[PDB]
Amino acid sequence: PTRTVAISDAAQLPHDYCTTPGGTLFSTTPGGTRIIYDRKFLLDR
């Protein structure tokens, strides 16, 4: 499954996330859910 999560603060920024060359954040949990992050905190992505 795909989950959309917005990040508007460093508090909301995960500590185990990954980032693709395009500059998109993502993380997958043990459950199998794939979370795609929209990093609004950082403007200079």
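Here we summarise the structure given alongside this text.

**Observations concerning the overall build of the protein**
Within the protein one finds 0 helices and 4 strands. Out of the 45 residues belonging to the protein, those deemed buried represent 18%. Across the protein, the fraction of contacts at a sequence separation of at least 24, relative to all contacts at a separation of at least 6, is 41%. Put simply, the protein shows about 3500 Å² of open surface, and 52% of that area lies on carbon and sulfur atoms. The centroid of the 5 positive side-chain charges in the protein is displaced by 7 Å from the centroid of its 4 negative side-chain charges.

**Things to note about the pattern of salt bridges**
Summed over the entire model, instances satisfying the criterion amount to 1 salt bridge. With its nearest N and O atoms 3.4 Å apart, the salt bridge here joins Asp 38 to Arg 45. Residue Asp 38 is classed as partly exposed on the basis of its relative accessible area, which comes to 32%. Relative accessible area serves as the criterion here: at 57%, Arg 45 is assigned to the exposed category.

Conventions and cut-offs
Every chain's residues are listed with numbers counted from 1 in the order the sequence is written; these need not match the entry, and residues without coordinates are not shown. Excluded from the side-chain calculation are hydrogens and water; included are all heavy atoms of the structure. A helix here means a DSSP run of H or I that spans at least four residues, while a strand means a run of E at least two residues long, and both kinds are numbered starting from the N terminus. Each residue gets one of three labels from its accessible area relative to the maximum for its type: buried under 20%, exposed over 50%, partly exposed in between, using a 1.4 Å probe on protein chains only. By definition in these notes, contact holds between two residues if any of their heavy atoms fall within 4.5 Å. Method for areas: the Shrake-Rupley scheme with a 1.4 Å probe, in which residue coverage is limited to the protein chains shown. The convention is simple: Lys and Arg are positive, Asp and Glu are negative, and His and the chain ends are not counted. To locate a charge, the coordinates of NZ of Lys, CZ of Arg, CG of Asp or CD of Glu are taken. In what follows, salt bridge is the name for a side-chain nitrogen of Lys or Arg lying within 4 Å of a carboxyl oxygen of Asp or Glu.

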